[PDB]
């Protein structure tokens, strides 16, 4: 059976570019979105047109019990996921003393609760494939160095890095690599970027696609920055 990869937030933007590149690489790809159902179906159709199998799942990554039920049912129907790309996240920018409770909690939970809620039901189905696996998280340059107006987002994306590195250590014995891709400023003050432009969605997706390939078998526990030389 063909190896299948889940990409969260894959109805548009970076997530969609990742989904399409993984399909072109020969993976079956399961699309996900929180609410844009018609958009998710368009991506499913494009993946099918590439010759792979696809369908979409709808959930808010913060809804722990609903995510568990949807993923357990999907694994029962279609087998375990060989790969998981955790792409969905959220910003609520503002100066730290001006941040509301919602600005803080929604940003923290979407990245960190999302990591737990999506990956917890899928670790054992991945191990049961007995063929290794791939987990890639999407952080941010702000998770590496911090950013004004983004104490919450910098915390959420930095926490993702720590979770990724720790999980890489736990799953290494099962040949599951676990890595993080940290984009800079992407199209979806450029005076600080050495390449002097925003990045394109495919320039991020190509890195995720490489890490998901069999060729990247000795890369794990890493944060790979795709940021045009910003840091």
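Positions refer to the first chain, counted from 1.
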item	value
Unresolved deposited residues lying between neighbours residue 69 and residue 70	none
Selected stretch [higher average CA B-factor]: 90-98 or 120-128	90-98
Between 190-198 and 25-33 (mean CA B-factor, as deposited), the higher	190-198
Among 176, 166, 38, 182 - the residue whose C-alpha B-factor is largest in the record	38
Chain thirds of CA B-factor: placement of residue 230	middle
Third assignment of residue 220 from its chain's C-alpha B-factors	lowest
Modelled-residue ranking by C-alpha temperature factor, third containing residue 145	highest
Residue 10 - Cα temperature factor, lowest/middle/highest third of chain	middle
Among modelled residues of the same chain, the CA temperature factor third for residue 78	highest
